[PDB]
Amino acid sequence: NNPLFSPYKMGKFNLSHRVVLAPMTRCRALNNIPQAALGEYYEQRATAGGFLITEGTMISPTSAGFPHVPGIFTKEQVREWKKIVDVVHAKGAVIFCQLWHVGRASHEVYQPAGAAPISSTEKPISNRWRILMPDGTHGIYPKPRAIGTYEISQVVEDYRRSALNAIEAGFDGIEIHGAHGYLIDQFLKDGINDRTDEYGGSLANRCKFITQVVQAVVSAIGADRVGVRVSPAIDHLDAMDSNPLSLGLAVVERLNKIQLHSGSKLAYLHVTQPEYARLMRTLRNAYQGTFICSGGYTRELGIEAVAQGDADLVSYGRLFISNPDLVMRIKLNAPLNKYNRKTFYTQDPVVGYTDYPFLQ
C-alpha cells in the first residue's frame, strides 16, 4: 500500500520503513558533551527497523560553528554517546553519527585560543550571512585561514579517527557532512574555492578533498557503514557553484569509483533539494547505490518520491522536531503538529526538544 512502509535493505541494515530522521543541530549538547536529553530525544523518535541520523558532530576542537553541539573526538564524548546509542538500539533502530566540520563558518568564540577558523580559502563568508552566537545574538563571520595540503591530510585523519570513535560508541555507521557551505563544500564549490594548488581549479581538484575524506573513513570502518551528504545547488554561506549539476555528477562519479575500488557499496548518498526536481533525479540515476532525498518533504511528497523511483529513503527534519512519532503519524495519515522555530537552537533540555507530544 504505502511504499514508505516497504522494507529496504540498506546494505547490511534491514530497514522496516523508509522514513529517516534527518541530521539536525539542536544545541542541547552542553559543552560539546552529549547529554541525557539527547538520549530522550533520539529514543522518542526511534522505531523498530527505522533509520536515524544524528545532529552534526564535531570531529576535532576546531570543527564547530554552533553552540553546544556534540563532539566525538574525546573519550568522554564517546562514553556519553554510547548511552544514547544504547537506548536507540533498545528500540530496534539503526543510527548513524553525522561527522561535521564547519570550516570558515565559525567565529573566534567557537575556536580554541580564539584562533581563525580554517578553510579552503582566506576569504570570509559575506555579511549577507550571520553566525548564531552562544548568547543568541548574531555575529559576523571572520576571515578564515586557508590551509595547506599537509593540514588537509590531518583534517582527513580527524574524520578517520572520529569514524572509529563512532563505531566504538556503538553507532551503526557515520555520515559525512559534505553539504551546506561547510568545510567540504568550501572545497567543492567554485564560488568559494579560489585555490591555485592541486585542491583548486578543475572539478577533479575540487573533488579531491571529499574523495579523500570518504576513502579514509571507508578504509577505517568499511564502505557499508558510510553515508555521504551533499547539496550541490545552494547559496547558503555563499556556497554557489557555476554548474551545480556538473559538480554533483562529478561527486557521484568519485563515489562510484570508491565503491568499485573498495569492492563494496557505501551505505547511501544523501542529497538535499536545491535551496536559495530534475537535478535530484539526475544524481540519483547517476549513483550506483541507495539514495536518500531531503528538503521540504511531506507525507505525500515522500510517498511520491519512493513510488516514482526518485529515492529509496526520505529524510525528514523539521517535521521530526515536532512529531516524535512521525513514522506512526505517516503510517496512519494522522495530522502532523507544527514546529516552533524559536526553540530549534536553544539549550533547554525539555522545552521545544522533548516536550512535543505523541499522538493521544
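Throughout, we count residues from 1 along the sequence that is shown.
> Per the entry, how many residues of the deposited chain go unmodelled between residue 276 and residue 277: none, 1 to 3, 4 to 9, or 10 or more?
Gap between residue 276 and residue 277: 10 or more unmodelled residues.
> Mind pulling up the entry and telling me whether 180-188 or 136-144 has the higher mean Cα temperature factor?
Of 136-144 and 180-188, the stretch with the higher C-alpha B-factor average is 136-144.
> In the PDB record, does 20-28 or 346-354 carry the higher mean Cα temperature factor?
For C-alpha atoms only, the mean B-factor is higher in 346-354.
> Looking at the C-alpha B-factor values in the deposited entry, which of 173, 103, 112, 248 comes out highest?
That would be 112, according to the entry.
> Per the PDB entry, which option out of 57, 322, 298, 294 has the greatest Cα B factor?
Highest C-alpha B-factor among the listed options: 298.
> Ranking the modelled residues of this chain by C-alpha B-factor as given in the entry, is residue 39 in the lowest, middle or highest third?
As the PDB entry reports it, the C-alpha B-factor of residue 39 lands in the middle third of its chain.
> Ordered by C-alpha B-factor within the chain, which third holds residue 317? Give me lowest, middle or highest, please.
As the PDB entry reports it, the C-alpha B-factor of residue 317 lands in the lowest third of its chain.
> When the deposited Cα B-factors of this chain's modelled residues are ordered and cut into thirds, is residue 335 in the lowest, the middle or the highest one?
According to the entry, residue 335 has a C-alpha B-factor in the chain's highest third.
> Grab the CA temperature factor for residue 290 from the record and place it in the lowest, middle or highest third of its chain.
Answer is middle: the recorded C-alpha B-factor places it there.
> Splitting the chain's C-alpha B-factors into thirds, which one does residue 165 fall into?
It falls in the middle third of the chain.
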